[PDB]
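Quick heads-up: it's one chain on its own, the form deposited in one PDB entry, in structure tokens.
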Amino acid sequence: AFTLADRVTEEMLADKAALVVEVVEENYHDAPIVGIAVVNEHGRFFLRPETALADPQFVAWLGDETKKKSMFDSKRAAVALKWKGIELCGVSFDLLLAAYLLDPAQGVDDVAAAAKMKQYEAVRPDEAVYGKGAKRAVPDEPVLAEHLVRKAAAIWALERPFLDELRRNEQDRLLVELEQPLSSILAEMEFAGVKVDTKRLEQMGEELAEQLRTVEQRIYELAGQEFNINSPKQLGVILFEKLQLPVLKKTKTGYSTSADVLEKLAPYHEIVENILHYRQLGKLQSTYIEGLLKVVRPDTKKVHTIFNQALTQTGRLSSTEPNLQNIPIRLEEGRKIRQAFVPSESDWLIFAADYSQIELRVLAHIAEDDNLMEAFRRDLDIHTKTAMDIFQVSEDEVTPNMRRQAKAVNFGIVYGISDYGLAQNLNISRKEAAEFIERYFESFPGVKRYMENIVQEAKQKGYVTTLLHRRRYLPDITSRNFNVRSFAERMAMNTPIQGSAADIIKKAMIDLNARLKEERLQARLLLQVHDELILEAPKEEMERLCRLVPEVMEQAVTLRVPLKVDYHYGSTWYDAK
């Protein structure tokens, strides 16, 4: 039983409570709060949001840091409250983040899934209450109130077993001193948003739309007919049946038309390069021009991404609506999209700082490979140095292609692709790709020892850990299916690297946020993109940020090799180059 409360009472304002501030819209920015549940020592309460959020006592309680609250996904509630001008403070336990740390593979995305991990089932899955997709809807107050109170009661009951297991895992500080403080920082970043120059995007979209119209009609003349170029099935009929082009790779449905195969088909027919060009432009047009414009808020002309802090199995952040971690950078045609991301105030600039090879540096530290550590202590170009060692040549004799291949090997450790994926990366036979790995391991015997030892440790312990004690369980490491086992082995290798790099960037973000307030700067964190932090700040703060930001990021952790940070500022994201 619970109290369907008409008025906020003092007993609802205890200094420890499980709190539910329910935002049902997936995108919680400027989104309705549909109800509020409080469970504490005095009872279980349901409050109507129009009532509670108009009560000065309740609002003050929400903002009192000394009034401790346990929640699930507090960032959703905090951001939704920010859009109403209300601060949420004192969240001392976030069940979503706790469950994520305990086992990222469970996919915990509602209270019921977290509660199941502790054999607590007195709460329904959110999707059973709200429905899915089209039929999604807020239910009537009795149904809604019961659900919110049950979620709050679950959070109340589950704090102690989650904290206990975190303590046993040595993840208590990881939760309380890293992920939870980071959650508040992400909330501010999402709420601030990034200003977009929508007229420049529209101008880009106009230039693409005319270039698409031209490549499109060229393709139809080359195909002798019109067809849906965006339809991989139809393009497959044109290329492989009508034009008799050789089939170099298959997919489950039919023949591949990936940029992979197309480049190898270009010498056979004029249409292929035009198809490729059409795919480039259409990717920019559909995903990046039209995609961004769809999610710019016309009130603020900002995009307000949502960082998902409890999703990746490595501890990396992901971001959605829009995903700003895949804005093109590699090709100039697509890099120019970043010119659309501008400072949100006049006479401010974008400041971007990025770790140089943090993943390989983490590997050098974790593997204690003398050669790799020395390379970073010498601040060498790691790809050039790797080519020198693999091919047994001096720096003067590294060709561009030798560096490209060494870079692909290093790439294949940072991500832990298969030797098959290396072979395919370098368009080289699987066997020659294998003697590349072997030459690498004789030049870097500490990395080899690390790969072997971490695989054994994953098998023996059942999981691998990162520098800050994030863990990833790898049950497939004992599998008899070769492909399933190999992937688990690669994850055993890659996760302490990628996850430790993620850990360092998170600590840097926390340290930078504290330092920015210490220094009384107006600079504000806007975006993290895996290895980069992007800020905006008055132009009068650039010079201080050039010293402060790299210092904070480089001192976030002490490794056996230096951390190196490159930084740039400019009038747009593009120009912060």
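Start at 1 with the first residue shown and count on from there. Between two forms, the rigid core is the largest collection of C-alphas that superpose within 1.5 Å.
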Mean C-alpha B-factor comparison - 276-284 and 460-468, higher one: 276-284
Stretch with the higher entry mean CA B-factor, where the candidates are 384-392 and 92-100: 384-392
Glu146, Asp164, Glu226, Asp369, ranked by C-alpha B-factor: the highest one: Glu226
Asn410, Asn401, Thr314, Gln106, ranked by C-alpha B-factor: the highest one: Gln106
Third of the chain's Cα B-factor distribution that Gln528 belongs to, per the entry: middle
Chain-relative CA temperature factor third for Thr66: middle
CA B-factor ranking of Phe341, expressed as a third of its chain: lowest
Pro445 - Cα temperature factor, lowest/middle/highest third of chain: middle
Assigned third (lowest, middle, highest) for the C-alpha B factor of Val21: lowest
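Not on display, but discussed next: the form deposited in another entry.
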Rigid core superposition between the shown form and the other one: residue from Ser231, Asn371, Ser344, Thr251 with Cα shift of 2 Å or more: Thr251
After fitting the core, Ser418 CA displacement of 2 Å or more between the shown form and the other one: yes
Note on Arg279-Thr251 C-alpha separation in the other form, which departs from the shown form by 3 angstroms or more: farther
